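K.L.:
Provided herewith: upload24.pdb, PDB, C-alpha atoms.
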```pdb
ATOM      1  CA  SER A1856       0.000   0.000   0.000  1.00  0.00           C
ATOM      2  CA  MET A1857       1.114   3.705   0.181  1.00  0.00           C
ATOM      3  CA  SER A1858       4.780   3.914   1.409  1.00  0.00           C
ATOM      4  CA  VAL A1859       4.676   0.076   2.030  1.00  0.00           C
ATOM      5  CA  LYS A1860       6.548  -2.008  -0.524  1.00  0.00           C
ATOM      6  CA  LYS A1861       7.809  -5.553  -0.854  1.00  0.00           C
ATOM      7  CA  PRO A1862      11.558  -5.752  -1.518  1.00  0.00           C
ATOM      8  CA  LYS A1863      12.457  -4.651  -5.173  1.00  0.00           C
ATOM      9  CA  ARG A1864      12.868  -7.768  -7.507  1.00  0.00           C
ATOM     10  CA  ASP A1865      15.565  -7.028 -10.119  1.00  0.00           C
ATOM     11  CA  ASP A1866      13.763  -6.783 -13.490  1.00  0.00           C
ATOM     12  CA  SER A1867      16.628  -5.131 -15.446  1.00  0.00           C
ATOM     13  CA  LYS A1868      17.548  -8.358 -17.366  1.00  0.00           C
ATOM     14  CA  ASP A1869      13.936  -9.401 -18.167  1.00  0.00           C
ATOM     15  CA  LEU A1870      13.952  -7.876 -21.729  1.00  0.00           C
ATOM     16  CA  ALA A1871      17.101  -9.683 -22.696  1.00  0.00           C
ATOM     17  CA  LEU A1872      16.005 -12.931 -21.073  1.00  0.00           C
ATOM     18  CA  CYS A1873      12.522 -12.886 -22.819  1.00  0.00           C
ATOM     19  CA  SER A1874      14.437 -12.251 -26.126  1.00  0.00           C
ATOM     20  CA  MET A1875      16.558 -15.373 -25.565  1.00  0.00           C
ATOM     21  CA  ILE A1876      13.544 -17.525 -24.737  1.00  0.00           C
ATOM     22  CA  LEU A1877      11.861 -16.202 -27.920  1.00  0.00           C
ATOM     23  CA  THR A1878      15.021 -17.043 -30.016  1.00  0.00           C
ATOM     24  CA  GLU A1879      14.880 -20.580 -28.707  1.00  0.00           C
ATOM     25  CA  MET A1880      11.171 -20.886 -29.568  1.00  0.00           C
ATOM     26  CA  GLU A1881      11.861 -19.426 -33.087  1.00  0.00           C
ATOM     27  CA  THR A1882      14.577 -22.053 -33.748  1.00  0.00           C
ATOM     28  CA  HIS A1883      12.690 -25.145 -32.473  1.00  0.00           C
ATOM     29  CA  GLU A1884      11.947 -27.540 -35.374  1.00  0.00           C
ATOM     30  CA  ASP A1885       8.227 -27.536 -34.431  1.00  0.00           C
ATOM     31  CA  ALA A1886       7.966 -23.708 -34.596  1.00  0.00           C
ATOM     32  CA  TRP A1887       6.829 -23.672 -38.286  1.00  0.00           C
ATOM     33  CA  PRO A1888       3.064 -23.263 -37.632  1.00  0.00           C
ATOM     34  CA  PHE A1889       3.764 -20.249 -35.355  1.00  0.00           C
ATOM     35  CA  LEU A1890       6.491 -18.245 -37.133  1.00  0.00           C
ATOM     36  CA  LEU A1891       4.179 -15.956 -39.102  1.00  0.00           C
ATOM     37  CA  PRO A1892       0.656 -14.692 -38.805  1.00  0.00           C
ATOM     38  CA  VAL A1893      -2.083 -17.063 -40.061  1.00  0.00           C
ATOM     39  CA  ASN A1894      -3.130 -15.793 -43.557  1.00  0.00           C
ATOM     40  CA  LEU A1895      -6.690 -14.549 -42.864  1.00  0.00           C
ATOM     41  CA  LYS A1896      -7.483 -14.331 -46.604  1.00  0.00           C
ATOM     42  CA  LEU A1897      -6.489 -17.967 -47.203  1.00  0.00           C
ATOM     43  CA  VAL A1898      -7.673 -19.856 -44.088  1.00  0.00           C
ATOM     44  CA  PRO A1899     -11.441 -20.091 -43.925  1.00  0.00           C
ATOM     45  CA  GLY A1900     -12.933 -19.595 -40.479  1.00  0.00           C
ATOM     46  CA  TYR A1901      -9.787 -18.169 -38.837  1.00  0.00           C
ATOM     47  CA  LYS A1902     -10.738 -14.517 -38.919  1.00  0.00           C
ATOM     48  CA  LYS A1903     -14.216 -15.079 -37.339  1.00  0.00           C
ATOM     49  CA  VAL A1904     -13.273 -17.704 -34.848  1.00  0.00           C
ATOM     50  CA  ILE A1905      -9.891 -16.501 -33.362  1.00  0.00           C
ATOM     51  CA  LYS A1906     -10.618 -13.156 -31.817  1.00  0.00           C
ATOM     52  CA  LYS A1907      -6.938 -12.367 -31.076  1.00  0.00           C
ATOM     53  CA  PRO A1908      -4.424 -13.854 -33.560  1.00  0.00           C
ATOM     54  CA  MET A1909      -0.847 -14.050 -32.287  1.00  0.00           C
ATOM     55  CA  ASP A1910       2.408 -15.516 -33.688  1.00  0.00           C
ATOM     56  CA  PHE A1911       6.185 -15.410 -32.918  1.00  0.00           C
ATOM     57  CA  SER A1912       7.023 -12.672 -35.488  1.00  0.00           C
ATOM     58  CA  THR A1913       4.365 -10.387 -33.981  1.00  0.00           C
ATOM     59  CA  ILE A1914       5.682 -11.068 -30.429  1.00  0.00           C
ATOM     60  CA  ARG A1915       9.205 -10.343 -31.682  1.00  0.00           C
ATOM     61  CA  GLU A1916       8.133  -6.974 -33.132  1.00  0.00           C
ATOM     62  CA  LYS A1917       6.194  -6.045 -29.952  1.00  0.00           C
ATOM     63  CA  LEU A1918       9.249  -7.030 -27.854  1.00  0.00           C
ATOM     64  CA  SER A1919      11.759  -5.057 -29.936  1.00  0.00           C
ATOM     65  CA  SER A1920       9.592  -1.887 -29.876  1.00  0.00           C
ATOM     66  CA  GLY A1921       8.827  -1.721 -26.135  1.00  0.00           C
ATOM     67  CA  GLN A1922       5.243  -2.815 -26.342  1.00  0.00           C
ATOM     68  CA  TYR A1923       5.486  -5.315 -23.386  1.00  0.00           C
ATOM     69  CA  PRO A1924       5.180  -3.427 -20.086  1.00  0.00           C
ATOM     70  CA  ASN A1925       6.437  -6.407 -18.104  1.00  0.00           C
ATOM     71  CA  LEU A1926       7.449 -10.094 -18.435  1.00  0.00           C
ATOM     72  CA  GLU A1927       3.858 -11.272 -17.613  1.00  0.00           C
ATOM     73  CA  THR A1928       2.352  -9.511 -20.611  1.00  0.00           C
ATOM     74  CA  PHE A1929       5.009 -11.261 -22.735  1.00  0.00           C
ATOM     75  CA  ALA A1930       4.015 -14.721 -21.325  1.00  0.00           C
ATOM     76  CA  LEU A1931       0.361 -13.977 -22.000  1.00  0.00           C
ATOM     77  CA  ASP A1932       1.024 -13.476 -25.773  1.00  0.00           C
ATOM     78  CA  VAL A1933       3.197 -16.615 -26.013  1.00  0.00           C
ATOM     79  CA  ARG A1934       0.382 -18.627 -24.277  1.00  0.00           C
ATOM     80  CA  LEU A1935      -2.188 -16.981 -26.604  1.00  0.00           C
ATOM     81  CA  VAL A1936      -0.286 -18.507 -29.605  1.00  0.00           C
ATOM     82  CA  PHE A1937      -0.873 -22.011 -28.158  1.00  0.00           C
ATOM     83  CA  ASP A1938      -4.426 -21.365 -26.948  1.00  0.00           C
ATOM     84  CA  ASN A1939      -5.325 -20.215 -30.434  1.00  0.00           C
ATOM     85  CA  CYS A1940      -3.684 -23.319 -31.898  1.00  0.00           C
ATOM     86  CA  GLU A1941      -5.763 -25.573 -29.584  1.00  0.00           C
ATOM     87  CA  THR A1942      -8.945 -23.714 -30.483  1.00  0.00           C
ATOM     88  CA  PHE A1943      -8.514 -24.308 -34.250  1.00  0.00           C
ATOM     89  CA  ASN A1944      -6.584 -27.581 -34.672  1.00  0.00           C
ATOM     90  CA  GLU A1945      -7.397 -31.136 -33.600  1.00  0.00           C
ATOM     91  CA  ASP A1946      -4.942 -32.652 -31.006  1.00  0.00           C
ATOM     92  CA  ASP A1947      -4.296 -35.510 -33.460  1.00  0.00           C
ATOM     93  CA  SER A1948      -2.767 -33.374 -36.257  1.00  0.00           C
ATOM     94  CA  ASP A1949       0.739 -32.238 -36.989  1.00  0.00           C
ATOM     95  CA  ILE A1950      -0.097 -28.655 -36.061  1.00  0.00           C
ATOM     96  CA  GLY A1951      -2.073 -29.717 -32.946  1.00  0.00           C
ATOM     97  CA  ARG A1952       0.917 -31.792 -31.726  1.00  0.00           C
ATOM     98  CA  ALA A1953       3.333 -28.944 -32.583  1.00  0.00           C
ATOM     99  CA  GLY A1954       1.386 -26.633 -30.268  1.00  0.00           C
ATOM    100  CA  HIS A1955       1.402 -29.018 -27.326  1.00  0.00           C
ATOM    101  CA  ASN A1956       5.151 -29.570 -27.768  1.00  0.00           C
ATOM    102  CA  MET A1957       5.986 -25.846 -28.049  1.00  0.00           C
ATOM    103  CA  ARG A1958       3.818 -24.938 -24.982  1.00  0.00           C
ATOM    104  CA  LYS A1959       5.733 -27.539 -22.909  1.00  0.00           C
ATOM    105  CA  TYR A1960       9.047 -26.272 -24.166  1.00  0.00           C
ATOM    106  CA  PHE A1961       8.057 -22.657 -23.331  1.00  0.00           C
ATOM    107  CA  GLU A1962       6.736 -23.375 -19.805  1.00  0.00           C
ATOM    108  CA  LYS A1963       9.961 -25.127 -18.827  1.00  0.00           C
ATOM    109  CA  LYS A1964      12.176 -22.305 -20.064  1.00  0.00           C
ATOM    110  CA  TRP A1965       9.889 -19.845 -18.293  1.00  0.00           C
ATOM    111  CA  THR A1966      10.086 -21.625 -14.899  1.00  0.00           C
ATOM    112  CA  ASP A1967      13.821 -22.229 -15.135  1.00  0.00           C
ATOM    113  CA  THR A1968      14.621 -18.596 -16.069  1.00  0.00           C
ATOM    114  CA  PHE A1969      12.282 -16.777 -13.691  1.00  0.00           C
ATOM    115  CA  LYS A1970      10.799 -19.131 -10.899  1.00  0.00           C
TER     116      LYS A1970
END
```
Represent the supplied structure as structure tokens.
P.N.:
Amino acid sequence: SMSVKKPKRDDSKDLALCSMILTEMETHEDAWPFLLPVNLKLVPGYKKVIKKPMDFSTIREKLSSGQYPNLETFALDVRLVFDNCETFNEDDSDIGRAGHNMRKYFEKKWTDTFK
């Protein structure tokens, strides 16, 4: 509350550390469904169904241009990429499996870097 603060967690490396996590997600062999925005002209249903499209290239641009106010807003966009994937793709598909794999990979890097 006013004039009453928890001890100050060092957040000065968070930008760099989120950038490294993102590089590792970009270079995973199962990243291919997530590297670029879904083409809304060429994928029937996507525009209407997925209210908030997100992909790695869009996170990378937001990161590089100071559009994440803190590391939690960054995690929310990464998770949004996989939540969208689950909404639109069957579990038993290459893309559906890719998303489960990448979400796992992300959550481990996230815990090991920050928790």
K.L.:
May I ask which of the residues A:1956, A:1912, A:1925, A:1944 is the closest one to residue A:1872, counting all atoms listed in the file?
P.N.:
A:1925
K.L.:
Choose the residue, out of A:1867, A:1907, A:1916, A:1962, that has the smallest atom-to-atom separation from residue A:1895; count all atoms listed in the file.
P.N.:
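Among the listed residues, A:1907 lies closest to residue A:1895.
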K.L.:
Hey, can you check how far atom CA of residue A:1961 sits from atom CA of residue A:1927?
P.N.:
13.4 Å
K.L.:
Excluding residue A:1924 and any residue of its chain fewer than 5 positions from it, enumerate the residues within 10 Å of it, using all atoms listed in the file, and give them as a ChimeraX atom specification.
P.N.:
/A:1870,1918,1929
K.L.:
Find the distance between atom CA of residue A:1902 and atom CA of residue A:1890 and write it in Å to one decimal.
P.N.:
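Interatomic distance, atom CA of residue A:1902 to atom CA of residue A:1890: 17.7 Å.
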K.L.:
Should you be able to, write stretch 1875-1897 of chain A of this structure into a file that contains C-alpha atoms, as a PDB file, in the first residue's frame.
P.N.:
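The new file result33.pdb reads:
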```
ATOM      1  CA  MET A1875      16.558 -15.373 -25.565  1.00  0.00           C
ATOM      2  CA  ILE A1876      13.544 -17.525 -24.737  1.00  0.00           C
ATOM      3  CA  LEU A1877      11.861 -16.202 -27.920  1.00  0.00           C
ATOM      4  CA  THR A1878      15.021 -17.043 -30.016  1.00  0.00           C
ATOM      5  CA  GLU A1879      14.880 -20.580 -28.707  1.00  0.00           C
ATOM      6  CA  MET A1880      11.171 -20.886 -29.568  1.00  0.00           C
ATOM      7  CA  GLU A1881      11.861 -19.426 -33.087  1.00  0.00           C
ATOM      8  CA  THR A1882      14.577 -22.053 -33.748  1.00  0.00           C
ATOM      9  CA  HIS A1883      12.690 -25.145 -32.473  1.00  0.00           C
ATOM     10  CA  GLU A1884      11.947 -27.540 -35.374  1.00  0.00           C
ATOM     11  CA  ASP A1885       8.227 -27.536 -34.431  1.00  0.00           C
ATOM     12  CA  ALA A1886       7.966 -23.708 -34.596  1.00  0.00           C
ATOM     13  CA  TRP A1887       6.829 -23.672 -38.286  1.00  0.00           C
ATOM     14  CA  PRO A1888       3.064 -23.263 -37.632  1.00  0.00           C
ATOM     15  CA  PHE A1889       3.764 -20.249 -35.355  1.00  0.00           C
ATOM     16  CA  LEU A1890       6.491 -18.245 -37.133  1.00  0.00           C
ATOM     17  CA  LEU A1891       4.179 -15.956 -39.102  1.00  0.00           C
ATOM     18  CA  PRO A1892       0.656 -14.692 -38.805  1.00  0.00           C
ATOM     19  CA  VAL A1893      -2.083 -17.063 -40.061  1.00  0.00           C
ATOM     20  CA  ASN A1894      -3.130 -15.793 -43.557  1.00  0.00           C
ATOM     21  CA  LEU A1895      -6.690 -14.549 -42.864  1.00  0.00           C
ATOM     22  CA  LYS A1896      -7.483 -14.331 -46.604  1.00  0.00           C
ATOM     23  CA  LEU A1897      -6.489 -17.967 -47.203  1.00  0.00           C
TER      24      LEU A1897
END
```
